[PDB]
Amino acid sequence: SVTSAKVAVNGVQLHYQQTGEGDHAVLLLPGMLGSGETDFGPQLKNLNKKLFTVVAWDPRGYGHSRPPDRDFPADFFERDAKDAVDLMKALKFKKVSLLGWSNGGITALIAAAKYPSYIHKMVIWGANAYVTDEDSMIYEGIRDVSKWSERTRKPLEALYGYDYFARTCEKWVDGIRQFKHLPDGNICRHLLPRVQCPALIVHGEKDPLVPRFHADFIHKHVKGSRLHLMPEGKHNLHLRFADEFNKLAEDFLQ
């Protein structure tokens, strides 16, 4: 049983979903253009409701956190990280663990580094702490939503409507693209050494959007982190292998 609602945080009404009664609060952070509704169906239903209290948020401009419309300033990842922790604080949790997928994992790495006393543990997958030419190219091939597989496009076209969907996707490529021009193509390489909580980095060896070197780099610099490779996993491994991923995360969080 899942409840959806909005809460006022930093000038925006953020939408989120909540389920469970457990004393271990967990925030599910979605990837680009994501939402609790489209990115975390299997988690919101299957994660142990006895052990955890699960919340899936919609970053401003994504999901149902509209208005406002999504924009991508130089600090958009840090802004999402602030909103994410302020949202959990708004919901009265005193500490939380984080499950971050893709851009959501980047956000989670940032939150843990900036608000270490608030974060217990974290599980991230498909994140990249910087942008390279290989990434830049990958993102260019993702730009046009029309070129997306009817399956991957259906839920998002339904959520936002084509126009907003395709357009936001464009601004995202332009937004994630801006980092290549900073020293080291940096997004958060400098914050990895500041992550102080136990971290589990999962990576699908067949992930087509994020090269494995990004998972190896984050494992290397996040002290005490563990890196788990899934031979058949792709970028959406928590959906394609929900039961397998869920056990991995639940075993790690306890």
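The first residue of the shown sequence is 1; numbering continues from there.
Asker: Look up the CA B-factors in the entry and say which stretch, 150-158 or 83-91, has the higher mean.
Answerer: Going by the record's values, the stretch with the higher mean is 150-158.
Asker: Name the higher of the two by mean Cα B-factor in the PDB entry, 217-225 versus 42-50.
Answerer: The deposited B-factors put 42-50 ahead on the C-alpha mean.
Asker: Is the Cα B-factor recorded for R240 in the lowest, middle or highest third of its chain?
Answerer: It falls in the top third of the chain.
Asker: Relative to the other modelled residues of the same chain, rank the CA B-factor of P67 and answer lowest, middle or highest third.
Answerer: It belongs to the highest third of the chain when residues are ordered by C-alpha B-factor.
Asker: Classify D144 as lowest, middle or highest third according to the C-alpha B-factor given in the PDB entry, relative to its own chain.
Answerer: For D144, the deposited C-alpha B-factor lands in the highest third.
Asker: Compare the C-alpha B factor of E78 with those of the other modelled residues in its chain, then answer lowest, middle or highest third.
Answerer: Within its chain, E78 is a middle-third residue by C-alpha B-factor, going by the deposited values.
Asker: So where's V7 on the chain's Cα temperature factor ranking, which third?
Answerer: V7: CA B-factor falls in the middle third of its chain.
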